[PDB]
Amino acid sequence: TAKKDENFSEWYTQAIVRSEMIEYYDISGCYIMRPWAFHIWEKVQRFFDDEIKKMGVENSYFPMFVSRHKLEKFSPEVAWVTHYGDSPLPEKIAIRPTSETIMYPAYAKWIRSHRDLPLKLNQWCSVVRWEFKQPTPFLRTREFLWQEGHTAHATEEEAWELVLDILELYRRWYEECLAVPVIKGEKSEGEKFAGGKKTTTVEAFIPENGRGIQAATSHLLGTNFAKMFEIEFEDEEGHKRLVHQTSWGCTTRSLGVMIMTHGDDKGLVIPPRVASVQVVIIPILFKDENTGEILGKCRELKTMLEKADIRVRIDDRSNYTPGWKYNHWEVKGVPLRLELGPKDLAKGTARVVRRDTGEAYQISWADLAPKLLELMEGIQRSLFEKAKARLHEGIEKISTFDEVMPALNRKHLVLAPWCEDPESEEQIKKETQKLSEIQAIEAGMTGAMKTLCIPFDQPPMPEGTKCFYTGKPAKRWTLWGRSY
């Protein structure tokens, strides 16, 4: 009903509700994750889990509660448990917004010698961040599922290499699983995690509202938390030294980003590598046909495709028309549908329709498994490459501040030479907010532009390039935009 290029927020709501991905809940900012979305979470979780276990990372489970003393060592976002029944607790306890203060006292106890390092742990769980602003399903919620990984190393260089390895895993999570392009970069001093040394990030872009969104994060913590929690190891000489730490996380926000990137006016489009149903088989069931024969062949084709590890469902319900089923599985984003009626059976072929473009194919039964494998890889790659083209066309390279507001009004990001002085970033935030409010009055949700990241992939910097806002000597190209 709602078109993606008109009212994007109602289009998004419709897409995720009518596909049965989410259900609303009476506590604002929390949503139920129904199986159609949860299956995709399980897929990207299995991918990430397999990859970090190759790195020596092991899973664990730390408590969801943290004592006041351990935590206070943001604060309006922490939900506090204060009573058990109607009786009060001696000291209130907080629900984890993140688990640094829960895990790191244990780390301090576990780590004694250089032979105890590196220590690499992860956990899958939910965290709670209690903001009063308007939530967005998947993207910004008061409770969300995530993983958080936390490691400790004998040297800064080894920790930093792990930070980059994890960030490459997040790039693969988005680009290789979800077909969403991202930009690797480092956060500005004002945007980085306060408790760390350097925050690396992958950033995505939502063309319809022009907003950048942080996709995942990998922090070089250095020795800051090691001094805070007294996490030290002994070298083989016997001298005690602080450990060098990392932490990293990624959330169900990734599902929302995937949904927004690939959806169209008919609803969801799910990349084949994460679709729980890759091929839906729809028999044509005329009253005047050998229905048993048609259903039998559908079952044979399902078996044949599953031997190729294709995930198949047959929708053989007699009480819905094929047109109804076409729309039903399009709305849910199944990437391929296979139609089989008496004429196809007589020709020994099946008709296959791809969800992204609607192109149709007639495929022999012998060619079905390899041709469908090839088509799923083509769909996955085309979804990614068109998203990547939209990303590149959503970024304007600029040289002075005069170009900021026009580009923002085109719902674009800007890539600008920046001197990286923190004071300049907050001046830029405040000025672009003011200019946005003026433009809003002339037109008849926040408008501020901030840094999204300083990209790893730096374009050439001609000698003597000036900062686009301060006029001081520029240091690096920086990606800015309105943001989630």
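One rule holds for the numbers: they count along the sequence shown, beginning at 1. We call the rigid core the largest set of C-alpha positions that still match within 1.5 Å between the two forms.
- With every structure aligned by its rigid core, 122-130 is the stretch of 122-130 and 179-187 whose CA positions lie farther away in 9 other deposited structures of this protein.
- Two stretches, 207-215 and 293-301, are weighed by how far their CA atoms sit from the shown form in 9 other deposited structures of this protein after rigid core superposition; the farther one is 293-301.
- Among the other PDB entries of this protein that were compared and that flank it with modelled residues, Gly149 is modelled in all, so it is never left out in a third of them.
- In at least a third of the other PDB entries of this protein that model the residues around it, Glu72 has no coordinates.
- Coordinates are given for every deposited residue between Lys184 and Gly185; the gap count there is zero.
- In terms of unmodelled positions of the deposited sequence, the stretch from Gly444 to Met445 in this entry skips 4 to 9 residues.
- Across the two stretches, 200-208 and 236-244, the PDB entry reports the greater mean Cα temperature factor for 236-244.
- Stretch comparison (393-401 versus 246-254) by mean CA B-factor in the PDB entry places 393-401 on top.
- Comparing the C-alpha B-factors of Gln45, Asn59, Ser28, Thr451 in the entry, the top value falls on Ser28.
- The PDB entry assigns its highest CA temperature factor, among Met260, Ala350, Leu178, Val334, to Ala350.
- When the CA B factors of the chain's modelled residues are split into thirds, the value for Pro76 lands in the highest one.
- Among all modelled residues in this chain, the alpha-carbon of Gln14 has a temperature factor (C-alpha) in the middle third.
- Sort the modelled residues of the chain by CA B factor and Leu340 lands in the middle third.
- In the deposited entry, the Cα temperature factor of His69 places it in the highest third of its chain's modelled residues.
- When the modelled residues of the chain are ordered by C-alpha B-factor, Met55 sits in the lowest third.
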